[PDB]
Amino acid sequence: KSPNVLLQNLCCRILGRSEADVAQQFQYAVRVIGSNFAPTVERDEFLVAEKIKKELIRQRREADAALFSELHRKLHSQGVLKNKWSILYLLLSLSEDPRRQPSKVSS
Amino acid sequence: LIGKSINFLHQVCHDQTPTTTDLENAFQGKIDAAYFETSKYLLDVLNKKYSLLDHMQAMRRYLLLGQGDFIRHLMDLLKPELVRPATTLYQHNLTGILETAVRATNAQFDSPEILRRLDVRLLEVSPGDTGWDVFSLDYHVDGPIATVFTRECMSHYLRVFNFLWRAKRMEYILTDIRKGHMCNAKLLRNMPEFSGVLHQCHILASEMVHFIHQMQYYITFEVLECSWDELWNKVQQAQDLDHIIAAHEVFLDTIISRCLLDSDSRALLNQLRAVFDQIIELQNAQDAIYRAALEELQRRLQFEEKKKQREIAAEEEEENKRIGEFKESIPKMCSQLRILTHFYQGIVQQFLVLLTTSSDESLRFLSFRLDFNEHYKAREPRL
Amino acid sequence: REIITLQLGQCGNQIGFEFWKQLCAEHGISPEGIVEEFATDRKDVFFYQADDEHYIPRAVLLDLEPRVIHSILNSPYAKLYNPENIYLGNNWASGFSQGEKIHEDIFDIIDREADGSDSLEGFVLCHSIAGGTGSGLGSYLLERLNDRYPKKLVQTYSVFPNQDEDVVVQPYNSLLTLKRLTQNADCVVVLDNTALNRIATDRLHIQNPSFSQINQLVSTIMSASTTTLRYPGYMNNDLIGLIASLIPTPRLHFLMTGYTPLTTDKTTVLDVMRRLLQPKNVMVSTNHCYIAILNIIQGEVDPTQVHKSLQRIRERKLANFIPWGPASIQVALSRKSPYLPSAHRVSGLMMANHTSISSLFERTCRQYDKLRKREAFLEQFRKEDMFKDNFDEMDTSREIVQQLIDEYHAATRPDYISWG
């Protein structure tokens, strides 16, 4: 639609409060996203995938570390997302290590 | 093959020293003789500049923990930072410890070169990381002898290190458990109320010290020593460099195939993690029961002093209530200990009959070593 | 870590001096304490490190009425040791009372080594039960030891005094010593004087100079028990991790020792394993069943066949076993020690927990009973009367050994959930 209302759909999804139930949390989202909305930084999608693999080795989820490698092939393959660096950077930043659990997810 | 020797010899090993069908077959007379000279010299000079054999000998002892002495002192200094989060620590802290252990042990009689190459690192941290979750020593490979130490081979040796580190740690954690059990069964020797729960906690601990201690010897005679013998046999024979790295491809594959990194039996390591967590639960419970016991002892001591503070009665009525509390707290302690006991039994049963389903003869050998009595594995109730 | 040994009594000082001489022979060192120029091993287990690296043994020289200590004094091994640990009755009570009055200076010597040492791991006692000099003094010192340090270890080496039967109060003295030994010690190395006597007569024609020869046997035992600590291996390079496996409960810490050489004046593991499992290769003497068995082998062996060896003994079912929670036969392999003449390298060792020793305790229990019932074997000693007017220490030791023999027999049962 437009990025200002699209930030407001995100505040309706994460919070259990709507857009007029709270607009102050939405006011924090415009505090950060504004002055950072446009790309001005170097981005390479090769490295951020190679840090999700290096994290899944450290999780000892070693079947899914090689299952991400076949799913990361599909991420380039379909290619409807303009920046494939951003969504992987987001999920990598929101990570944790709930230790070893092996066992493939069968994609 | 000879032109892959001489050209390699003159540029990366840096020796400018000399090395010099109906077509009557002139070739075969000279070629083999030239070979018999050149390849032996490439495999003599390179060892006496940066040793290939000495650093791979040191790799078994210091990184794969074969030394014993040094790893014991290194773990008597680095204990608090590894029971702490590794999200709040960095490399130089870990580096500072190392010098003290190398001077104190018999690494002071070893050459300066192997100590200089020996250094610690801390890898990229998990967002919930602790010192036991990831940690490694480095002992970095450099020089032209990294033609035997493949980059992938070193990247797998720290993957080995973490599992070995865990098992070697748990053998000192259980031994703190046994030490506290001792120490506070010679402080509590005259009380009747605690004797049952004490003896049941100790009987619970002694099956575990056993189970893990005899697992540790399978690691000694198969995973490290028998894989070091095959390396020594295939370095003793070798006529070219390509065999020395082929042995290096066996000195990893044996280790990772028997330390459960292989694909068929990851499910077994997922069960082996839980017994370590149960040992943690046993630590919690023993420290709590001896804390309640230290509290009764201190209650008895303040009882002892109140008598002489009164006489020179009116303190017995306060004592009977404390005695009543301590006497009624006993069956709850019994109930928690028996749940932990049955839990551990019900997982040891699944573990020992899973070695008699898994792939490869090697892991079936472990199941015999753990129980000779047929206490488990024939009769699943505790005989 | 750092282990301090303790020796008291004339017999204990004898076996300690023989042990340190035996390690001077074992290691590549001079009798000056000086390492030779062709010398590897760890020398931080029992060697206090002097500054010429005089590897001074961490043993405290304790005695009463010194007689053989004068022979210890004039020796070429008196320059090997002496960190100034030397010190100036044949009964329990007199040794006890004289021990308490001089306890401060010996504890000063203890603190001198202990703060003088780097760290501390345990106190290993050389002791003879009912030795006269050893009894009383050692029991009082053991009381001082655990009371002073609850964070430390105490292991004892104790002989069982039976030389085919004169000191007639020796049952009472032994009762007091083993009463302290069960409740105030952390691990006990029990030795049988009769079994070692039978083997010493077996190998030789000797009966009279027996002490010197069994000293050879026992020093091979103590060296073997700490060889995996002194030498770079991988497991049981600490005392406590060695001790912790065999003990299921803190009153069962009594250790039967086995040894395949008897007359010591290719090869493989499966032979000596089934050799050792037979109890005439054990130099210590209803149904009895082992609680836990541990083997360590030192010699010329191929390690790659040992799992097939272990497979065989699993098909043997050669020891009946204890019907509760799991124990196994527990194998370790150590390096054969260099720097000494090494003929017949292969020698095995069995450290095991067995119930049959309770019967040996029952022998003393029987003997004490008849002497107590005769009213005739205290002989009215002034130390015994003044220290104890009511003579209730015999009662306390008797109920303790009764509870212990009941613990033995209840552990023999398939139920040890019940009280012992």
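Residues numbered from 1 in each chain as written, not as in the entry; some residues may be left out. Chains lettered and ligands numbered in written order. Part of a larger assembly, values for the part shown. Heavy atoms only, no water. Residues with missing side-chain atoms left out of burial classes, pairs and counts.

If you check the header, you'll see the entry was determined by cryo-EM and the resolution is listed as 8.7 Å.

Caption draft 1: Examining the overall build of chain B more closely. Scanning chain B from terminus to terminus reveals 14 helices and two strands. In terms of overall dimensions, chain B is more spread out than a globule: its C-alpha atoms have a radius of gyration of 29 Å, far above the 21 Å expected for 383 residues. Expressed as lengths along the three principal axes of its C-alpha atoms, the size of chain B is roughly 120 × 50 × 35 Å. The proportion of buried residues among the 383 residues of chain B is 48%. Accessible area for chain B stands at about 19600 Å²; split by element, carbon and sulfur atoms hold 57% of it. Positive and negative charge centroids in chain B, built from 44 and 54 side chains respectively, lie 6 Å apart. (Helix = DSSP H or I, 4+ residues; strand = E, 2+ residues; numbered from the N terminus. Rg over C-alpha atoms; globule rule 2.2 N^0.38 Å. Buried < 20%, exposed > 50% of the residue type's maximum accessible area, 1.4 Å probe, protein only. Areas by Shrake-Rupley, 256 points an atom, 1.4 Å probe, with all protein chains shown as cover. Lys, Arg positive; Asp, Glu negative; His and termini not counted. Charge placed at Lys NZ, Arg CZ, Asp CG, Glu CD.)

Caption draft 2: Layout of the pairing of strand β9 (residues 290-298) of chain C. Residues and elements named next belong to chain C. The buried count for β9 comes to nine of nine residues, which makes it a mostly enclosed element. Here β9 pairs with strand β10 (residues 329-334) via six bridges, running parallel. Each residue of the ladder has a partner; that of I297, found in β10, is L333. As a crossover connection, the stretch from β9 through helix α11 (residues 306-316) into β10 is right-handed. (Pairing = 2+ DSSP bridges. Right-handed = clockwise from strand over helix to strand, strands pointing away.)

Caption draft 3: Region of interest: the sheet that holds strand β7 (residues 187-192) of chain C. All names here are of chain C. Strand order in the open sheet formed by nine strands is β4-β1-β5-β6-β7-β8-β11-β9-β10, with mixed pairing between adjacent strands. Each having just a single partner strand, β4 (59-61) and β10 make up the two edges of the open sheet. Neighbour to neighbour, the strand axes of the sheet diverge by 25° on average, direction disregarded. Here strand β8 (residues 254-259) runs beside strand β11 (residues 347-354); their pairing, made up of four bridges, is antiparallel. Bridge pairing links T257 to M351 in β11. The strands touched by helix α1 (residues 10-26) are β1 (3-7), β4 and β5 (122-128); relative to β1, the strand with the most contacts, the crossing angle is about 135°. (Axes fitted to C-alpha atoms, helices over the stretch in contact; angles between N-to-C directions. Contact = heavy atoms within 4.5 Å.)

Caption draft 4: Looking closely at the nonpolar core. Ranked by size, the top nonpolar core spans 162 residues in total, and within it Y157, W165, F211 and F351 of chain B carry the most contacts. Core analysis: the second largest hydrophobic core is formed by 26 residues, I203 of chain B together with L252, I322 and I357 of chain C among them. (Core = buried A, V, L, I, M, F, W, Y, C linked by side-chain atoms within 4.5 Å.)

Caption draft 5: Up close: the interface of chain C and chain B. On the chain B side, the residues contacting the 56 residues of chain C number 51 residues. Both sides of the chain C and chain B interface together cover about 4800 Å² of buried area, and 56% of this is carbon and sulfur. Three residues stand out in chain C for area buried against chain B, namely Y234, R314 and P326 of chain C, and they jointly supply 17% of the buried area on that side. Where chain C touches chain B, the interface holds four salt bridges. Here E374 of chain B makes a salt bridge to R314 of chain C, at a shortest N to O gap of 2.2 Å. Secondary structure elements with two or more residues in the side of chain C that touches chain B: α9 (239-243), α11 and β10 of chain C. A per-element tally of the side of chain C that touches chain B places α11 of chain C first, with six residues. When grouped by side-chain class, the residues that make up the side of chain C that touches chain B number 27 nonpolar, 16 polar and 13 charged. (Buried area = accessible area lost by both parts, 1.4 Å probe. Salt bridge = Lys/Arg side-chain N within 4 Å of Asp/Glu carboxyl O. Nonpolar A, V, L, I, M, F, W, Y, C, P; charged D, E, K, R; others polar.)

Caption draft 6: Here's a closer look at a negative patch on the surface. There is a patch of like negative charges on the surface, built from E32, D51, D52 and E53 of chain C. The residue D52 of chain C is located in the loop between β2 (47-49) and β3 (55-57) in this model. (Patch = residues over 30% accessible without salt bridge, like charges linked within 9 Å, V, L, I, M, F, W, Y side chains within 5 Å.)

Caption draft 7: A look at unusual backbone geometry. The phi dihedral of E165 of chain C falls on the positive side, at around 50°, and the residue is not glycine. Residue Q380 of chain C is not a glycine yet carries a positive backbone phi of 55°.

Caption draft 8: Examining helix α14 (residues 361-370) of chain B more closely. Of all 10 residues making up α14 of chain B, eight are buried, and the element is well covered by its neighbours. Buried within α14 of chain B are the following residues: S362, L363, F365, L366, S367, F368, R369 and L370 of chain B. Buried residues along α14 of chain B sit against α9 (195-236), α10 (241-258), α11 (266-311) and α13 (330-354) of chain B together with α11 of chain C.

Caption draft 9: Quick look at the interface of chain B and chain A. Listed per partner, the contact involves 15 residues of chain B and 16 residues of chain A. The largest share of the area that chain B buries against chain A comes from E124, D133 and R266 of chain B, three residues that together contribute 34% of it. On inspection of chain B and its partner chain A, the count reaches four salt bridges. With a closest N to O distance of 3.8 Å, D133 of chain B and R60 of chain A form a salt bridge.

Caption draft 10: How the structure looks around the pairing of strand β6 (residues 153-160) of chain C. Residues and elements named next belong to chain C. Along β6, eight of the eight residues are buried, which leaves the element largely enclosed by surrounding structure. Across the two faces of β6 the burial is the same, with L153, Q155, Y157 and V159 and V154, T156, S158 and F160 all buried. Here seven bridges tie β5 to β6, and the two strands are oriented parallel to one another. Residue pairing across strands places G122 opposite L153, the latter belonging to β6. The parallel pair β5 and β6 is bridged by helix α5 (residues 137-148), and the resulting crossover is right-handed.

Caption draft 11: Seen up close, the pattern of salt bridges. Residue and element names in this part refer to chain B. Counted under the stated rule, the structure contains 41 salt bridges over all chains. Notably, a salt bridge pairs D360 with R258, separated by 2.9 Å at the nearest N-O pair. The shortest N-O distance in the salt bridge between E305 and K306 comes to 3.9 Å. Among the residues examined, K306 registers a relative accessible area of 38% and is labelled partly exposed.

Caption draft 12: Broad picture of the packing of α11 of chain B against helix α12 (residues 316-328) of chain B. Residue and element names in this part refer to chain B. At their nearest, the axes of α11 and α12 sit 12 Å apart, and the two run at 170° to each other. Relative to α12, α11 is oriented roughly antiparallel. Considering the relative orientation of α11 and α12, their crossing is left-handed. From α11, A292, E295, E296, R299 and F303 reach across to α12, where they touch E318, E319, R322 and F326. By residue class, the composition of the contact of α11 with α12 is three nonpolar, no polar and six charged. (Parallel < 35°, antiparallel > 145°, perpendicular 65-115°, else oblique. Left-handed = near helix turned anticlockwise from the far one by under 90°.)

Caption draft 13: Structural view of a nonpolar patch on the surface. A cluster of nonpolar side chains, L81, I87, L90, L91 and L94 of chain A, forms an exposed patch at the surface whose accessible area comes to about 460 Å². Within the fold, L90 of chain A resides in helix α6 (residues 84-93).

Caption draft 14: The state of the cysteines, seen in detail. Residues and elements named next belong to chain C. With the rule as written, the count across this model stands at zero disulfides over all chains. Not engaged in a disulfide, the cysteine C11 finds its nearest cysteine sulfur in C126; these two sulfurs lie 10 Å apart. Taking the relative accessible area as the measure of exposure, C11 reaches 33% and is therefore partly exposed. (Disulfide = S-S within 2.5 Å.)

Caption draft 15: Region of interest: the packing of aromatic side chains. If you walk through the whole model with that rule in mind, you get 29 aromatic pairs over all chains. Note on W85 of chain A and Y89 of chain A: the rings are 5.6 Å apart at their centroids and 50° apart in plane angle, and the pair reads as tilted. Of the two residues, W85 of chain A and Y89 of chain A are both situated in helix α6; the distance of four residues between them amounts to about one turn of the helix. Residue classification places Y89 of chain A among the partly exposed positions, given a relative accessible area of 47%. Members of the aromatic cluster, joined through ring pairs, are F19, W20, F47 and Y55 of chain C. It is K43 of chain C that lies over the ring of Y55 of chain C; its NZ or CZ is 5.0 Å from the centre. The ring centre of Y149 of chain C lies 4.9 Å from the NZ or CZ of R148 of chain C, which sits over that ring. (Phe/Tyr/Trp six-rings, centres within 6.5 Å; stacked < 30°, edge-to-face > 60°. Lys NZ or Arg CZ within 6 Å of the ring centre and 35° of its normal.)

Caption draft 16: How the structure looks around the environment of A50 of chain C. Residues and elements named next belong to chain C. Tracing the chain through its elements places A50 in the loop between β2 and β3. Look at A50 and you get buried, because its relative accessible area is 16%. Through-space distance from the C-alpha of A50 to that of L62 is 21 Å; in sequence the pair is 12 residues apart.

Caption draft 17: Broad picture of helix α12 (residues 357-374) of chain C. Residues and elements named next belong to chain C. Between the first and last C-alpha of α12 there are 26 Å, a value that for 18 residues agrees with the 26 Å anticipated at 1.5 Å per step. When we look at burial in α12, the residues that qualify are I357, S358, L360, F361, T364, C365, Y368, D369 and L371. For α12, the secondary structure elements touched by its buried residues are β6, α6 (170-183), β7, β8, β11 and α14 (393-412). Backbone geometry just after α12 places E375 at a positive phi near 60°. (Expected span 1.5 Å × (residues − 1).)

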